[PDB]
Every structure is written in C-alpha cells, then in structure tokens.
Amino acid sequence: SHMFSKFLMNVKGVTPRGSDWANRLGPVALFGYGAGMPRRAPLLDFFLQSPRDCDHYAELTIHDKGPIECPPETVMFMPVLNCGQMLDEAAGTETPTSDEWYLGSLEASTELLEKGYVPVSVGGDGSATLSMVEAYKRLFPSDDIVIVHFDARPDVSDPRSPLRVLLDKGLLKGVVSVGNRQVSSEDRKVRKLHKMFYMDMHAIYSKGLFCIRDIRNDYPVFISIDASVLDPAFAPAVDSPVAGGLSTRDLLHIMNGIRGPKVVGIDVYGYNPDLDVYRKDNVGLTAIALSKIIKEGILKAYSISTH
C-alpha cells in the first residue's frame, strides 16, 4: 500500500542498534497503528506530548532519528525512537485493507527487530499483535514466545482473531489472559484446548489486586493490551464496554509484575476516539489513561527480569 510508503521508507532508513547497547535492554521503537479505527488517530500524538517522567524514577527521551545513544548507568534515561504514524494522511483517502495493514505492520516490525529495537505499537484494533510476534518468530525461530494479554474478553472464539491465529499456528509457548469478565462457552473450549492460563476480574479482585506481586515467566514476553480491560470509568472509548474492570492504577500494578528475560513487543489498542468521554476542553479520558499505560509499558521493556 502506497499509504505506508513514507513511513516504511523511514523505518528501514533507521540506524541499527549501536555496539554501546551490548547486553543492555532496548532501545525502544514506537509507531502508530490505525487498523480498524477511525482515520483520525490522536493517541500517538497525545502520548508524545505527555510528561516524560514515570512512576518508577526514570525518564523517557524521545528521538525522531538515530543514532540512539545508550545512556550511562547513572543517567535514568529511556530512549524511544518515534517512527510516527504508519498511515500517512493526505496520501489519499484510501482505507488500507486488513491484509495491507498486516503486511505494513509485519515489515515495520521485522525491520525494527532486526535492527535491535523493541517495537511498541499504539492504536488500532489489536491485529498488530498478530503481525508483530510473527515478525519476531520469523527472525528468532528458536525463541519461545509467551503473550500476556489484557482484555475484557478472551477474544479467541473467532478463528480470525489475532490471538487465535497465533495459537492455531502453534507460534505461542503460552498465553496469560488478564482481566476477562465476559467469557463465552466457546471461549472456555479454546481455553482448555490451547491450555491457556487466565486471571478473570472477579477472581483477581477477591484475592486482592495489590496482592499480585508478579507473573512468573522465563520466556520472552509480548505485552498485548486492549483498552477494554479497563473499567469504562477510566477507558470509556471501547466498543461494547464491560463494567467492572481494572482501574488505570490496577493495570499499572499488574504490568509491573510481569517477569521475563526480554520484551518481544508491546501492543496498546482498542481505543476509538468516537467512543470517548471528553472534558470540556475536548481532551479524551481514554487517551489520558493509555498515554500513561504506554509510558510505563516502555519502562517495562527496559527493566524486566526473570526475578
């Protein structure tokens, strides 16, 4: 698709990970993914203008071009390479097909991963999760991948669903679903069939949310986060909202518990501006919540350990 040309050309023009990064985690590359959502996708822009300091005492540094200098130990910097929006607006009114989104996402991820970057995708409908971990499995066939999936619903009963395809193709070592509260009968079958591990809302709430210290894991983890996992009071901008969800803080805490050798990638999606609750200054509530989730997600790619 010609809609992704300017973006994709800039991606494979990216300077590779320097030698000064050897044995260090990162760096992180960030791009905007808009499949299945309205053409106007403000989430990436909103995040880039958000404050850089995190919960844990570190600070994002954003760069539109390389080379990405590896920061010294004493400097709590976390470099992010902004690759901008995948879809170049005003390159036509054409809407990229699902397959075109997949190919565009697959290539960008392949390119970023090959150059030593941890890819973080922002926006869209979750299909980026499929193309991103397949790009990783292509480059690193021997690595075992486990996905930590935050979602109000399992979203695996449909054979065309991104997570279902990954399980069907046998590309996944394991899946940990977090926050489900709308589980269908078919969802339960796919659960038992693919031996999925799950932590539903009602269960983790009654055990105590802050009593979750970690999600133990030895394999490289992909972090897939549907905004629907949050309660509509925090993230209203989702199709078919499910009340009784995680607070933004709840989500941040569980994210911080993720354990593993490295982060293979991050997908933050499910956000639709047409569905958001807006302040009087026309700032959307869900964009506020996700901008924070994206930030602390990036911090995770830099600080994650097996224990």
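One-based numbering along the sequence shown.
Select between 130-138 and 206-214 the stretch whose C-alpha atoms have the higher average B-factor in the entry. Higher mean C-alpha B-factor: 206-214.
Mean Cα B-factor comparison, 116-124 or 67-75, giving the higher one as deposited: Result of the comparison: 67-75.
Among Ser224, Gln85, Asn180, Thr95, single out the one with the highest C-alpha B factor in the record, please. Highest C-alpha B-factor among the listed options: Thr95.
From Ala233, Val176, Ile145, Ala108, residue of greatest CA B-factor: Checking the PDB record, the top C-alpha B-factor among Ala233, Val176, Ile145, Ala108 is at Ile145.
Looking at the entry's B-factor column for C-alpha atoms only, identify whether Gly260 ranks in the lowest, middle or highest third of its chain. It belongs to the highest third of the chain when residues are ordered by C-alpha B-factor.
When the modelled residues of the chain are sorted by Cα temperature factor, does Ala29 land in the lowest, middle or highest third? Its C-alpha B-factor, which the entry lists for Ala29, ranks in the lowest third among residues of this chain.
Where the record places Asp151 (Cα B-factor, split into thirds across the chain): For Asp151, whose C-alpha B-factor we compare with every modelled residue in the chain, the answer is the lowest third.
Lowest, middle or highest third: which one holds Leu163 when the chain's residues are ordered by CA B-factor from the entry? For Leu163, the deposited C-alpha B-factor lands in the middle third.
Using only modelled residues of the chain, where does the Cα B factor of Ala237 rank: lowest third, middle third or highest third? Within its chain, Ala237 is a lowest-third residue by C-alpha B-factor, going by the deposited values.
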